[PDB]
Amino acid sequence: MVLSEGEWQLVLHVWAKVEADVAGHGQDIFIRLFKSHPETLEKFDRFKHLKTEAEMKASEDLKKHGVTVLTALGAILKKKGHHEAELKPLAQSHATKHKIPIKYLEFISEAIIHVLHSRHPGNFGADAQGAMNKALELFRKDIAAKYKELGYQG
Ligand code: HEM
């Protein structure tokens, strides 16, 4: 699949807003993910002890992790589809070291859309959400293909 320049513009326009507060968006997204799909929390040995949203918000390590994740995702989105090089190491660590099923990538994609919808309604209307979903589907599709080449079905 391929996004048009118009769709990329919608994606990058709302992403520019997210970059005004990467740490904050990172926390909201992971808290949403962990609360909505608690099973994903078990994949993080560093955070699986967190019991409440309050503890999650107060975790300095979780906040730093969120920044690392969103920074990596932002770099991929800014490539506008030409992300082969960026995807290689990400696909290897998540398939081989962390063992993250494609299903879980769908869950975090849902969390990202939910947070952008809540925080940026004016810049995240129907068309913008469709563009973001398409960009994330492309990401998940290419990651899945790499998973297979690497020997991980998940
Ligand atoms: C938007 C998709 C995602 C991106 C861009 C992303 C990115 C990253 C990055 C850059 C790191 C640090 C470097 C590395 O280990 O490769 C990381 C670590 C990790 N990711 Fe992801 N990730 C994504 C989704 C997920 C999901 C859905 C899970 C599982 C629910 C997951 C689990 C992990 C784990 C367990 C680590 C190691 C954390 C640690 O122990 O420090 N990731 N991820």
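Residues numbered from 1 in each chain as written, not as in the entry; some residues may be left out. Heavy atoms only, no water.

Structure determination for the deposited model, as stated in its record, used X-ray crystallography, and the stated resolution is 1.90 Å.

Looking at the PDB entry, one finds the chain named Myoglobin, with Physeter catodon as its source organism. In its Subcellular location section, the UniProt record describing the chain reads: "Cytoplasm, Sarcoplasm". Comment text from UniProt for the chain, heading Sequence similarities, reads "Belongs to the globin family." (UniProt positions renumbered as here; feature names shortened; annotations may be inferred.)

Draft legend 1. Focus on the packing of helix α1 (residues 5-18) against helix α7 (residues 126-150). Relative to each other, α1 and α7 sit at 95°, their axes nearing to 8 Å. The angle between the axes of α1 and α7 places the two elements in the roughly perpendicular class. Residues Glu7, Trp8, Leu10, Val11, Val14 and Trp15 of α1 pack against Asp127, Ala128, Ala131, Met132, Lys134, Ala135 and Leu138 of α7. Partitioning the contact of α1 with α7 into residue classes produces 10 nonpolar, no polar and three charged. (Axes fitted to C-alpha atoms, helices over the stretch in contact; angles between N-to-C directions. Helix = DSSP H or I, 4+ residues; strand = E, 2+ residues; numbered from the N terminus. Parallel < 35°, antiparallel > 145°, perpendicular 65-115°, else oblique. Contact = heavy atoms within 4.5 Å. Nonpolar A, V, L, I, M, F, W, Y, C, P; charged D, E, K, R; others polar.)

Draft legend 2. Highlighting the coordination of the iron atom of the ligand. You will see that the iron atom of the ligand has only one donor from the protein, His94 (NE2), lying 2.2 Å away. Structurally, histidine 94 can be placed in helix α5 (residues 84-97). (Donors = N, O, S within 2.8 Å, 3.2 Å for Na, K, Ca; no water.)

Draft legend 3. Representation of the UniProt feature "binding site: heme b" in the chain. Sequence positions flagged by UniProt for "binding site: heme b" are, in local numbering, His94. When neighbours within four sequence positions are excluded, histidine 94 is seen to be in contact with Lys99, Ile100 and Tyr147. Looking at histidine 94, its side chain comes within polar contact range of the main-chain oxygen of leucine 90, at 2.9 Å. (Polar contact = N/O pair within 3.5 Å; in protein donor to acceptor, adjacent residues only side chain to side chain.)

Draft legend 4. Focus on the packing of helix α2 (residues 22-36) against helix α6 (residues 102-119). Contact pair α2 / α6: the axes reach a minimum separation of 9 Å and the direction vectors enclose 125°. Here α2 lies oblique to α6, going by the angle between them. Taken as a pair, α2 and α6 cross one another with a handedness that is right-handed. Contacts between α2 and α6 pair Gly24, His25, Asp28, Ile29, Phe30, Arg32 and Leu33 from the former with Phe107, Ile108, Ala111, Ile112, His114, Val115, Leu116 and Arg119 from the latter. Here the contact of α2 with α6 is built from residues that sort into nine nonpolar, three polar and three charged. (Left-handed = near helix turned anticlockwise from the far one by under 90°.)

Draft legend 5. Quick peek at the environment of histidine 94. You can call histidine 94 partly exposed: its relative accessible area is 24%. Spatially, the C-alpha atoms of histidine 94 and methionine 1 are 23 Å apart, while their sequence positions differ by 93 residues. Here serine 93 takes part through its side chain, which lies 2.9 Å from a polar atom of the side chain of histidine 94. (Buried < 20%, exposed > 50% of the residue type's maximum accessible area, 1.4 Å probe, protein only.)

Draft legend 6. How the structure looks around α2. With 15 residues, α2 extends 21 Å from end C-alpha to end C-alpha; this agrees with the ideal 21 Å at 1.5 Å per step. Along α2, the residues classified as buried are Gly24, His25, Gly26, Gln27, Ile29, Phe30, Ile31, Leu33 and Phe34. Looking at the buried positions of α2, the neighbouring elements they touch are α1, α3 (53-58), α4 (60-77) and α6. (Expected span 1.5 Å × (residues − 1).)

Draft legend 7. Quick peek at the site of the ligand. Around the ligand sit 15 residues in total, of which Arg46, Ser93, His94, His98 and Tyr104 are the nearest. Between the ligand and the protein, one listed contact pairs a nitrogen atom with a side-chain N or O atom of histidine 94 at 2.9 Å. Here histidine 98 contributes a side-chain N or O atom positioned 2.9 Å from an oxygen atom of the ligand. Those elements that place two or more of their residues in the shell around the ligand are α4, α5 and α6. Looking at the shell around the ligand residue by residue, the classes come out as eight nonpolar, five polar and two charged. (Near = heavy atom within 4 Å.)

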